[PDB]
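Novice: Here it is: the structure, laid out below.
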Amino acid sequence: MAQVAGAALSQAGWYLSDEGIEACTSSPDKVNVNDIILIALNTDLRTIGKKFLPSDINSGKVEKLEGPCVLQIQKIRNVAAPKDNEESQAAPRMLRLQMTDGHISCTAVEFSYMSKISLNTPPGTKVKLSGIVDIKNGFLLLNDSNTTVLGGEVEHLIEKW
Amino acid sequence: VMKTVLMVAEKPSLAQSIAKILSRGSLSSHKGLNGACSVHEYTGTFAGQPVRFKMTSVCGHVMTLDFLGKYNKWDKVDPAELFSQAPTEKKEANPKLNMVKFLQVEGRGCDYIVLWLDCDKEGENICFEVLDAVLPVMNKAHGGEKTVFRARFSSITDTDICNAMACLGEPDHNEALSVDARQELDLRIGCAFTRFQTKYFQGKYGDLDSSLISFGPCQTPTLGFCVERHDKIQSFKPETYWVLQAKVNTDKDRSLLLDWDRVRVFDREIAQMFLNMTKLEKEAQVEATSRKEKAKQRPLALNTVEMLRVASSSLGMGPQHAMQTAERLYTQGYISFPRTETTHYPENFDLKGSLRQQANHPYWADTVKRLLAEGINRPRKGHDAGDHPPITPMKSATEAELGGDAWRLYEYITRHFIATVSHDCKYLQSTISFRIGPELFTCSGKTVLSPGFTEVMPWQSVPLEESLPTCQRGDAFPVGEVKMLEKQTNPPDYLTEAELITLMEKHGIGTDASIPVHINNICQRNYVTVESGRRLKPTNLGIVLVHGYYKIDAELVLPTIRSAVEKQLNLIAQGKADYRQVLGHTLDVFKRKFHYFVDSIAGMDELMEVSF
RNA sequence: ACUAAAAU
Ligand SMILES: [Mn+2]
Ligand SMILES: [Mn+2]
C-alpha cells in the first residue's frame, strides 16, 4: 500500500514524500491513486511534496531537466508588457512563470504561444513537464509540447486590486 | 389680387441663394430695416395659384434666454434660488438688429409662411421663434387650409432646392421644446454655480480678485480632460525594457536592420539570455517572403471638427482663430459653410465643376488636369447628418489675394477637396522573416506604385526607403552584430488641441459651433495655457477646481453626464416624455447637487489653501 | 458679469 503507491506517484510524475503521500487523503480500503491525485491538485505542494529539482537550477550550471515532473505555479507576469497595462497588443504575449516543487523556486519562459496558461490562471495551478526541458541561463523554456496544465485550486484569495 | 408667401432663412447668403434658385434668375432685391438682412421678391406659384414670394433672413437666434428682473444682479440674490424661483424670459439677441420688428413689418399681409431654416434642433427653435413673431401679424387663415410650411433640405443645389420646395412639411414642436429645455438647464446650472464660486473665491483669496471662476456643463469636462492628462503625466513611473536588434548584410554594401518579433522584453535576465542565445551565430536564414499589395485610403469630406484638428496640428492655428478665418473666407465667397457636420457629399453635387475652377493654379494644375482627363474617382461614402454640405472650395484664389492664414486654410481645404476625389495610394509592403539561431526577426518596407492623392497632400506620403533585397526562402545571409538596446518608457505629454477636440466629439461635449468657443473659454479663464505644439497645460486653478470637484461630487466633471442629459432631452424631442417633467426632474437633481456642493465646499477650500 | 448655442 506504500511502496506500490509511491511507484504509482513516480510513474504519474509526482515525487512527493511519504509523509506528504499519507497526508493526501488515503482512507484505508477506499482509494489508491485517483482521489489522492484529485486532492493533490487542490493542496499546497509546499506543504505536501518533496524536492526533486537539482540543487542550483538558478545558478546556471544545470543545462537540461529530465523526467516528467509536476510543479506549482506561484506567480505569472507578462514580461512583454508594462506593469500598468499588463495586457497589451504592442508585443506578443510572453509570460515569466515562477514555479516551485515545494522547496526550490525556478523561473520558466514561454517561447511559443501557450493557450493553456494565461494571466487569469489562478496561482497554485499545477503544470506537468514532459520530456527533456531546456534551461538556458536560469530559465526553463516552455512550449506546448512539454507543458500540460492539470488545473487545481489551492484555496488562494484574489491577491489583486 | 394674388397673395404673398413669406420665406425665412437662417443666413442672408442662404436666403439669397435659395431665392435665386427658386426665381430662375428673376429676383428683385431690397434692404430691410436692420441693414443686414435683405428682402428678395419674385412672382410664382405656390398652391395652384399665382402668388408673390418674399424671401428674407434671420441672423441666427432671434431671442436669448435670461433672467427677468432683479435676479440678473449678483449682489442682490442667492444663487440657490436661481434654480426653481427665478423666472426666465427670452429677451433678444443683438438688439441693434430689430429682428422682431423686421419680421412684423415684412409679414404684415403674408398669407403663407415657409420656414427655409436649418434642419437641426437650433433650426427648429428659430422656426418657432419666427412663427411666434410673424403669426400674430399674418392674415387670418379662413377654413382648414394650412398656413405654415417647412422645407427640408441639405444642399444648395438647384434640383435639390426645387424638389425640397415641391415636398413641404410641418415644423416639429417637440424639438423646439427640447432646445428650450436644454437652454433653461444650461443657463440655470451654469449661472448658479459660477455666481456661487465667483462670490466665494473672490471673498477669501486676493489672487483671484478679478478672476471669474466659471462652471458649465461643457467647459468643466473640457478642463477635466486636461487635468486627467496632467494627472497621468505626474503619476507615471518609467519602466526599463530591452530590445534586441540584429544587423545583417546581403549585397556586401547594404546593411539591413532587423526588428525583433518578441519586442519589449521587460526583464534584464531574460533579455541577456536571448542575447547570449543569438549573438554566437554568424548565419541567418530566410523563412517568409511576403509581398502583399495594399492601398492607403483617401480622406473623407472635410467637416469642421477635422478642419479644426488639422489647423491646430499642422497649420498652427487655435480653434477660434481657425473658425474666424473660415468665417471670413465664407463671407468673402471662397469657402462653403465652415460649421458643417457632414462627411458625405450630396448625391447631386458639381464636383467636376469645383475641380475645373481650380484648373489654373500652379500648385496643382497638372494634378487637376490629369484627374479631369482620366475621370474623377467617386468620393468615399460617409455620414449624412442633414446639417450642411461639407466644406468645399467655391472660387479660385492665390497668395496675392488672401495672404497668410486665410491662404493657408484655403490651400488645405482645396487640397483636401482634390484628394477626396483622387485615387487611393497603392503601396506594396514587403516583409522578410529571418531566423537567427532559435530566435526570429522581421524586416518590413514599403514601395509606392500609384501616389494617387499623395500627389495633392504631400505629407500623407509613404516614406521613400530602399526596396528590400530579393531573397527567397532558404537563402543564407551573414549577420554582422546582434546587440541589446536598453530603452525607457516615455511619459505621455499634455493634451493637444486636436486630441481634445477628438475627445469632445467622442463624448458629445460641445457641438460643431461650440468647440472653439469652449476651448477659448477655458484658455481665457486661466484654467489652461497653450504651450509649444498646441499643448494644453493645466494651471493650478484648473488642477484645484477639478480635484476638488472629484473630492466633492465627481459627477459634475464626468463626461458621460452631458450625454445622459442629452438622452433625456431626446426623450421629449421624440415625444416619449414631457417637457415640464424632464425639466423639473433634472433641475431638482442638480439643485440637490448644488446644495451638497455648497455644504461641502471645505474640500476645495483646503485644496486651494496650499497653492492659491 | 454668468451658462450654451445659432448667426456675420
Ligand atoms: Mn444652423
Ligand atoms: Mn451642428
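Identifiers in this document derive from the order of the C-alpha cells: chains are assigned A, B, ..., residues are numbered from 1 separately in each chain, and ligands are numbered from 1 in order of occurrence.
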Given a cut-off of 8 Å, what residues near ligand 1 show up using only C-alpha atoms (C1' of nucleotides) and all ligand atoms, put as a list in words?
Specialist: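 For ligand 1, the residues inside 8 Å are residues 10, 60, 117, 118, 119, 120, 122, 123 and 387 of chain B; 6 and 7 of chain C.
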Novice: Considering only C-alpha atoms, extract the chain A residues located within 7 Å of chain B and return them as a list in words.
Specialist: residues 79, 80, 91, 92, 136 and 137 of chain A
Novice: What gap, in Å, lies between atom CA of residue B:88 and atom CA of residue B:190?
Specialist: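 Taking atom CA of residue B:88 and atom CA of residue B:190, their separation equals 14.1 Å.
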Novice: Apply DSSP to the structure's backbone, then extract all residues of chain A labelled alpha helix (DSSP H) and return them as a list in words.
Specialist: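 Taking chain A and keeping alpha helix (DSSP H) gives residues 3, 4, 5, 6, 7, 8, 9, 10, 11, 12, 18, 19, 20, 21, 22, 23, 34, 35, 36, 37, 38, 39, 40, 45, 46, 47 and 48 of chain A.
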Novice: Take the residues from that selection and write them out as a tab-separated table (two decimals), in the first residue's frame, keeping C-alpha atoms.
Specialist:
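Written out: selection.tsv:
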chain	number	residue	atom	x	y	z
A	3	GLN	CA	5.74	1.08	-1.99
A	4	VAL	CA	3.34	0.40	-4.87
A	5	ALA	CA	1.56	3.71	-4.26
A	6	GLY	CA	4.89	5.53	-4.33
A	7	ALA	CA	5.69	3.75	-7.59
A	8	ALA	CA	2.34	4.91	-8.98
A	9	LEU	CA	3.07	8.51	-7.98
A	10	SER	CA	6.53	8.28	-9.55
A	11	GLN	CA	5.05	6.91	-12.77
A	12	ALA	CA	2.47	9.71	-12.85
A	18	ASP	CA	5.96	9.51	2.35
A	19	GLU	CA	4.56	11.97	4.89
A	20	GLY	CA	3.04	14.04	2.09
A	21	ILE	CA	1.54	10.96	0.43
A	22	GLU	CA	-0.07	9.83	3.69
A	23	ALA	CA	-1.21	13.44	4.18
A	34	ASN	CA	-7.06	8.70	-8.32
A	35	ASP	CA	-8.52	10.53	-5.32
A	36	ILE	CA	-5.07	11.22	-3.86
A	37	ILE	CA	-4.14	12.98	-7.11
A	38	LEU	CA	-7.53	14.71	-7.12
A	39	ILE	CA	-6.88	16.26	-3.72
A	40	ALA	CA	-3.20	16.86	-4.51
A	45	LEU	CA	2.82	21.43	-2.88
A	46	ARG	CA	4.96	23.46	-0.47
A	47	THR	CA	3.15	21.80	2.44
A	48	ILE	CA	2.87	18.36	0.79
Novice: In Å to one decimal, how far is atom CA of residue B:214 from atom CA of residue B:184?
Specialist: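 Here the two named atoms are 17.2 Å from each other.
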Novice: Rounded to one decimal place, report the atom CA of residue B:456-atom CA of residue B:337 distance in Å.
Specialist: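 It comes out at 22.7 Å.
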Novice: Just want the residues within 9 Å of ligand 2, written as a list in words, counting only C-alpha atoms (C1' of nucleotides) and all ligand atoms.
Specialist: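 Counting only what the definition allows, namely only C-alpha atoms (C1' of nucleotides) and all ligand atoms, the set is residues 120, 121, 122, 339, 340, 341, 385, 387, 388, 511, 512 and 513 of chain B.
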Novice: Tell me which protein, DNA and RNA residues are within 12 Å of residue B:141, counting only C-alpha atoms (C1' of nucleotides), leaving out same-chain ones fewer than 4 positions away, and put them as a PyMOL selection string.
Specialist: chain B and resi 3+109-113+135-137+145-148
Novice: Could you tell me which of B:297, B:72, B:488, B:342 comes closest to residue B:460 if we count only C-alpha atoms?
Specialist: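 Nearest to residue B:460: B:297.
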Novice: Would you please work out which residue, of B:256, B:213, B:22, B:2, is nearest to chain C when using only C-alpha atoms (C1' of nucleotides)?
Specialist: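 Ranked by minimum distance to chain C, first place goes to B:213.
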Novice: Please, which residues of chain A, numbered as in this document, come out strand (DSSP E) from DSSP, as number ranges by chain?
Specialist: A: 64-65, 69-78, 95-100, 105-110, 126-129, 133-134, 139-142, 147-151
Novice: So that I can see what lies close to residue C:1, please list as a PDB file with C-alpha atoms, in the first residue's frame the residues with an atom at most 10 Å from it, counting only C-alpha atoms (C1' of nucleotides) and leaving out residues fewer than 5 positions away in the same chain.
Specialist:
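Saved as result-v1.pdb:
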ATOM      1  CA  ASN B  72     -29.636  89.341 -13.052  1.00  0.00           C
ATOM      2  CA  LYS B  73     -27.830  91.322 -10.323  1.00  0.00           C
ATOM      3  CA  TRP B  74     -25.353  89.285  -8.339  1.00  0.00           C
ATOM      4  CA  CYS B 191     -25.122  80.780 -13.804  1.00  0.00           C
ATOM      5  CA  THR B 194     -20.498  80.401 -11.473  1.00  0.00           C
ATOM      6  CA  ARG B 195     -22.142  83.039  -9.282  1.00  0.00           C
ATOM      7  CA  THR B 198     -17.023  83.688  -8.040  1.00  0.00           C
ATOM      8  CA  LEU B 212     -14.133  84.646 -12.933  1.00  0.00           C
TER       9      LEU B 212
END
